[PDB]
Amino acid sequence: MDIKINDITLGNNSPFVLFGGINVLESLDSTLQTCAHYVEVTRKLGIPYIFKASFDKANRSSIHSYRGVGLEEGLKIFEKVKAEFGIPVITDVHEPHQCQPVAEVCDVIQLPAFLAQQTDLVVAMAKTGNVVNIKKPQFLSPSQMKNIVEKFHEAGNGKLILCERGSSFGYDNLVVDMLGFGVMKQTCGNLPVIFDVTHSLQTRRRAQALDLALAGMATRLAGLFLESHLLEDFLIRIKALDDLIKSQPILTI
């Protein structure tokens, strides 16, 4: 199942979409600068691109780390990003009451992994009718993603993206089960699956991120998700592999 996000088609058989940006929104000027860089690189390579940032990050490393500019100013910034570059945007939400006003502006709303089972947030997100990115918790098996999908469906929204971020592997370390992508596709109706390489790696380097991104994209994925000419060299390699993989028909039976 493909999802149209403005003029982008997101799907496990479509050219990969890059989701990237900055961790937390700080100011209009700084956001536009970082976004302009992603936009310039992705436009040069012909890669569809969706700008990501948090306006109110609830799982910060310290209680006083900056949460972001907050909802009202954050949405103003996202409007400006959309107006300037004509690209879609994605942001996370953590309170039910935020979902509607965020969804007025942000094309894709994201369900944090730690909130993935919180029924009230699932419902409030579903009811926006917007495209939703579901971050897969590290302790959930790929066959359990269907239960989250089922709750969104009950609440009336099927425009769901499944975002891999690795799996708990003993203490601290995460490992990405390359077989999990296929399991999610088979059990969740072939919804777009994207790969958050960055999270998957923070518990373990450019060479690593490249190996791990390439390995995942070799399984045929709708997109690559990054958390905060290097970007260019990286994306050239990902695009090479993605173009190859996507040009070949799915093996048939």
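Each residue number is its position in the shown sequence, starting from 1.
Novice: Could you bin the unmodelled part of the deposited chain lying between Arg204 and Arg205 as none, 1 to 3, 4 to 9, or 10 or more?
Specialist: The entry has 4 to 9 unmodelled residues between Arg204 and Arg205.
Novice: Count, per the entry, the deposited residues between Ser228 and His229 that are not modelled, and return the matching class: none, 1 to 3, 4 to 9, or 10 or more.
Specialist: Gap between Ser228 and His229: 10 or more unmodelled residues.
Novice: According to the deposited model, is the average Cα temperature factor higher in 106-114 or in 82-90?
Specialist: Result of the comparison: 82-90.
Novice: Per the entry, where is the mean C-alpha temperature factor higher: 195-203 or 216-224?
Specialist: It is 195-203 that shows the higher mean C-alpha B-factor.
Novice: I'd like to know which of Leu28, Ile47, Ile50, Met184 has the highest C-alpha temperature factor in the PDB entry.
Specialist: Among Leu28, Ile47, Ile50, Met184, the highest C-alpha B-factor in the entry belongs to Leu28.
Novice: Split into thirds by Cα B-factor across the chain's modelled residues, where does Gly180 land: lowest, middle or highest?
Specialist: Lowest third.
Novice: Splitting the chain's C-alpha B-factors into thirds, which one does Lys127 fall into?
Specialist: Middle third.
Novice: By the record's CA B-factor, is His97 among the lowest, middle or highest third of residues in the chain?
Specialist: Within its chain, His97 is a middle-third residue by C-alpha B-factor, going by the deposited values.
Novice: Is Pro142 in the lowest, middle or highest third of its chain when residues are ranked by C-alpha B-factor?
Specialist: Its C-alpha B-factor, which the entry lists for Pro142, ranks in the middle third among residues of this chain.
Novice: Just say lowest, middle or highest third for the CA B-factor of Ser54 relative to the other modelled residues in its chain.
Specialist: According to the entry, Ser54 has a C-alpha B-factor in the chain's lowest third.
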